[PDB]
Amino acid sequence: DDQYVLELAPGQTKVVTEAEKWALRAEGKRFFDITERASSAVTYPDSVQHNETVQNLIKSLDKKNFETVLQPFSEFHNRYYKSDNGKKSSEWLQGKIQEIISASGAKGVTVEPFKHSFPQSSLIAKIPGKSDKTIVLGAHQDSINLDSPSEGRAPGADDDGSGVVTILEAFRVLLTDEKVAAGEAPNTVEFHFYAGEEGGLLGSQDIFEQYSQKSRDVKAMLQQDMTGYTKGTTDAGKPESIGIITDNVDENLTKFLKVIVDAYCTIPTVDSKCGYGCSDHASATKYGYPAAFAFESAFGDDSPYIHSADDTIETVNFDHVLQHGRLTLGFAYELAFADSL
């Protein structure tokens, strides 16, 4: 005591100290932290159906908005989920989401905190549709410095500030569609900003456990974690691409994600695996929901600065973030209007 229980592979657990937990992370191992829960097909459209509408919404994306939000978000000393910094950064992000909702005038759209047993709350923004079939867009809002998690500097600009501002800007543009804002889409859309991802997927485990216990009908979940770093790709002489993960994800949903990238982005896809417990999509998968995951690059070309003080906004390519904004908008809109899910 304190003893943390980690799940490193299906049905395989290890009891560790907190220091050993961060040492595992530093070696590249991921896991679910299951300390508090110690014993714990959908067919998609074959092609895009709303190309004219989505192409017009894409013209409203503004890459200056990514940097306007990411700069002050990264100025929190860290956004560590067990720190008062992480409570304050979540409250700040909640205020930014609320400013977008209030300025849209969309009567039924809300954001609410999801409480956890640590100071940093997750955030869920909801766009009600005509049915409770739900499409989820996710990113994690916490950051960590693995050499000193509680008090170490962690700007978290790429990991995962980039994903946060990607889906926040897609959320803003979605609310400019009159039918979506009025609640007339056949399906409900939610934007999730997960707390405590760096501690072992703590916030997304809580959310999808509760959704499963309440029989929430999640028809698709897309996670984005690190959407901004292209220098590794360009240094290697490789084509700028959207990375698509192929393990711990739903195969049909991943095929649909590639349809979305082919239709709405101007760069190609590149497949990789990233292992067990890799990001918050793994929590959706664990609790039985179909999930997919996109990120910045091919395997091994991602930011080498993550989990340190050097994960700064100067490493982020906002033209690449814009490509992820386009795919987020297309994924959300096409599935919001997929009445056969």
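Each residue number is its position in the shown sequence, starting from 1.
**Q** I'd like the number of residues from the deposited sequence that lie between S40 and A41 yet are not in the model, binned as none, 1 to 3, 4 to 9, or 10 or more.
**A** According to the record, 10 or more deposited residues lack coordinates from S40 to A41.
**Q** Mean C-alpha B factor from the entry: is it higher for 121 to 129 or for 145 to 153?
**A** Comparing 121 to 129 with 145 to 153, the higher average CA B-factor belongs to 145 to 153.
**Q** Tell me which stretch has the larger mean Cα B-factor in this entry, 296 to 304 or 29 to 37.
**A** Result: 29 to 37.
**Q** Going by the entry, which of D217, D160, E197, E169 has the most elevated CA B factor?
**A** That would be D217, according to the entry.
**Q** Based on the PDB record, which member of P113, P268, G138, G228 exhibits the highest Cα temperature factor?
**A** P268 has the highest C-alpha B-factor of those listed.
**Q** Report the third (lowest, middle or highest) to which the CA temperature factor of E7 belongs, ranking only the modelled residues of the same chain.
**A** It falls in the middle third of the chain.
**Q** Lowest, middle or highest third: where is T285 by C-alpha B factor in its chain?
**A** Lowest third.
**Q** Where does the C-alpha B-factor of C278 rank in its chain, lowest, middle or highest third?
**A** It falls in the top third of the chain.
**Q** In terms of the chain's CA B-factor thirds, is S102 lowest, middle or highest?
**A** Tercile = middle for this residue's CA B-factor.
**Q** What third of the chain, by the recorded C-alpha B-factor, contains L322?
**A** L322: CA B-factor falls in the middle third of its chain.
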